[PDB]
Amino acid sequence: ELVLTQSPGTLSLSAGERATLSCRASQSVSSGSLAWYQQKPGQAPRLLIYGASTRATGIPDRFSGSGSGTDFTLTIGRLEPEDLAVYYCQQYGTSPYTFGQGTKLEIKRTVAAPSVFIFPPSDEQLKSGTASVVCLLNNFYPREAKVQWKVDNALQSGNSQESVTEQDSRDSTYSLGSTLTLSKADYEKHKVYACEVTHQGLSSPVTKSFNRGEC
């Protein structure tokens, strides 16, 4: 079975730069039967190139393929933020068809401070015995950010979970959602709920808070 090895594993470039993705085969690929696919966050793969160098219909002119034998390359001439994705090569010259392990393309951009919002738990959820307090950090760039929850000024640990989106296809920023989870009893025994955010785009950590019981 033909093994396809892609390089590099991850490519970090700013919009406007040129991306060069390599795909090397363990054995000669018959007739240049090599295809390249683009898979954007949360989407199915999309054919970019086939026959090693033929650009597929509907594909932008910034995408080009080259190579023969055991060495192939996908070039993205002038990166656009929408090119954020994982790229895969695939040979179909011999059965079984095989794919490379993929190259993740990340986009570097300028620093952007997050907008921070807080959401108290809904009464509906509380009714059932659980309170999820949500803190939203919207559209910031350096992925690195710190969220610290405080209840009545006491620092929380071990009772929150966060999730971060993949870079936005338009502005390359990230968003992060942190959820503090408490039992209805614990939630109702405290008053001030605060989310303190630390990020490179902020001169000082900003805090979003609310007092349970207030409108």
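One-based numbering along the sequence shown.
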| item | value |
| --- | --- |
| 32-40 versus 53-61 - greater average Cα B-factor per the deposited record | 53-61 |
| Stretch with the higher entry mean CA B-factor, where the candidates are 146-154 and 63-71 | 146-154 |
| Chain-wide C-alpha B factor ranking for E82, given as lowest, middle or highest third | middle |
| Chain third (lowest, middle, highest) by recorded CA B-factor, residue given as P121 | lowest |
| Lowest, middle or highest third - CA B-factor, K184 | middle |
| Assigned third (lowest, middle, highest) for the C-alpha B factor of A112 | middle |
| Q200 by Cα B-factor - lowest, middle or highest third of the modelled chain | highest |
